[PDB]
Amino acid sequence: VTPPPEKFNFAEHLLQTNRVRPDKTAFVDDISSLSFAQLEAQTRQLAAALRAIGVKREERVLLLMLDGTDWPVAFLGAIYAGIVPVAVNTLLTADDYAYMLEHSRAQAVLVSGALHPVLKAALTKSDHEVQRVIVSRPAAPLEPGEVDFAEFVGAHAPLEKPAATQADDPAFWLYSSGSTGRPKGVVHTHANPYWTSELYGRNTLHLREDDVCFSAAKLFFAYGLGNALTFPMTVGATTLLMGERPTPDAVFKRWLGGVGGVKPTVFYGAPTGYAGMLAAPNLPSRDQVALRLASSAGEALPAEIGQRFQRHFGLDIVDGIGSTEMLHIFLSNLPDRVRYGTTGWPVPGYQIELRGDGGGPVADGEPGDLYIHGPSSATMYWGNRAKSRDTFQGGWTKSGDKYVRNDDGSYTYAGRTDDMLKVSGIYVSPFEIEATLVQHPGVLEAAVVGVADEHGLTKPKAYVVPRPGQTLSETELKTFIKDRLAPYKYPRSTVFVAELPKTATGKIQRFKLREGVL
């Protein structure tokens, strides 16, 4: 792969790539479509619009939007102007967003109508710097000074040239959370998505122009950003976008060509989703679908899920691992080489190391902490020097995963170096779930660990000590957690216990909980 030039604007790169195919569909959702020419026009009008309201090069904007055709316009339009979009999860709380507004110093917000209420609450509570709120598909009347995204774009002529950025200039942020503390601002450059799109999208997956890409993983997830924006636009593929929650039925409707007159050829999702679809009574048959490639990431793929999928569809699931910090997948199975029970082989262009308790070598077949050296790594966590130092160890990025290397050079997942759980693509802190449980007045103490479900997939499991003299039912506890946590975070079961295993200092021995002591 040839490196990108030193003067490089990622948005202009993707627009230029597709000037050969102006009338091919770039993006389609339930209600709209953009050809590559339409996307280019709207991208550059948006870029002009942000500049016209006073947003300057290198300033951030918050991009808080459901998957739909306006999403890439927002993302690429900011980048075309040399403005840094901060693309965030759509299922967070107003407090989460208020922290992000302050921390990013966002100068504007691009937000879906459905998300305006949570955004409004974040604006009201925070010491933000937001100059304008631009609302895609408003679901309620606009407040004074807010503007509809379509009018905002339509009112400005296209910016005539992109910002003259460098390849190693910040281009966009994602946020990633650890087991405690506020989300961390992962800063990616203009070069980083070129690298993931070339090394993985083109050279590992072999995506091509006649593909139709559809990702259950949303655009704000590193995984989804690649799958359904950077990868397809790199090769000229058409992309299907879906705003709603990805259930089996929602996915199957698109698989069957229910939207935009297109059937996906490439699908991407989490192992949990694949398990859910294989369980579904109305799982489509091989002849109803046009899938040629199924990608998975976000948690280890249990072998039985890949084997079942292969037996039913005659397609393997290609399981890989990436991170927010590395932007996309650096260790993967290949379309024509899949070894179930492993995450495959290092992606060419990425170097992988396993380190022991002192940073030393580990013998094949022994677990080590996984570190990655490759060209898509983020530069830092913005404004967090101590966490940056821990993660970005001079050229090597520490994943937080443990792995074992096998005789054939493949790698098998061996757990985490923190206490995070990966519950269907999404990191979940057990300490967060515990913090929520102990605010129920009937709970004295709580401990949350990961447990494998009937398919081998990790879900939280809560051990709760009830407070003497209060009552507390399991149904009571379910209701309590329902609107306080997002559903992926729901414990799969709660066990009421008389006490928890602890050291003399009162630290909970969570390892004893995973070992079954209760």
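Residue positions are given as counts along the sequence shown, with the first one as 1. Basically, rigid core = biggest C-alpha set you can superpose within 1.5 Å across the two forms.
Student: Would you say which of 131 to 139 and 424 to 432 moves more relative to the shown form in 5 other deposited structures of this protein, going by RMS C-alpha distance with the core superposed?
Tutor: Per-stretch check in 5 other deposited structures of this protein: the more divergent one is 424 to 432.
Student: Please pick 481 to 489 or 48 to 56, whichever has its Cα atoms farther from the shown form in 5 other deposited structures of this protein after a rigid core fit.
Tutor: Farther from the shown form on average in 5 other deposited structures of this protein: 481 to 489.
Student: Comparing 211 to 219 with 414 to 422, which stretch shows the greater average C-alpha B-factor in the deposited entry?
Tutor: According to the entry, 414 to 422 carries the higher average C-alpha B-factor.
Student: For the higher mean C-alpha B factor in the entry, choose 490 to 498 or 12 to 20.
Tutor: Stretch with the greater average CA B-factor: 490 to 498.
Student: Of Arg137, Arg311, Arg182, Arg337, which one's C-alpha B factor is largest in the deposited record?
Tutor: If I rank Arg137, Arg311, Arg182, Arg337 by C-alpha B-factor, first place goes to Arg311.
Student: For the C-alpha B-factor as written in the entry, point me to the maximum among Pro72, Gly82, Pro193, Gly258.
Tutor: Comparing C-alpha B-factors across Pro72, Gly82, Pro193, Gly258, the maximum falls on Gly258.
Student: Among the modelled residues of this chain, does the Cα B factor of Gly243 put it in the lowest, middle or highest third?
Tutor: Its C-alpha B-factor, which the entry lists for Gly243, ranks in the lowest third among residues of this chain.
Student: Which third of the chain holds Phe27 when residues are ordered by C-alpha B factor: lowest, middle or highest?
Tutor: Tercile = lowest for this residue's CA B-factor.
Student: Could you place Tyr427 in the lowest, middle or highest third of its chain by Cα temperature factor, using the values in the record?
Tutor: Highest third, going by the recorded CA B-factors of the chain.
Student: Which third, lowest, middle or highest, does the C-alpha temperature factor of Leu477 belong to within its own chain?
Tutor: Top third by C-alpha B-factor.
Student: Among all modelled residues of this chain, ranked by Cα B factor, put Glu366 in the bottom, middle or top third, i.e. lowest, middle or highest.
Tutor: Its C-alpha B-factor belongs to the highest third of this chain's values.
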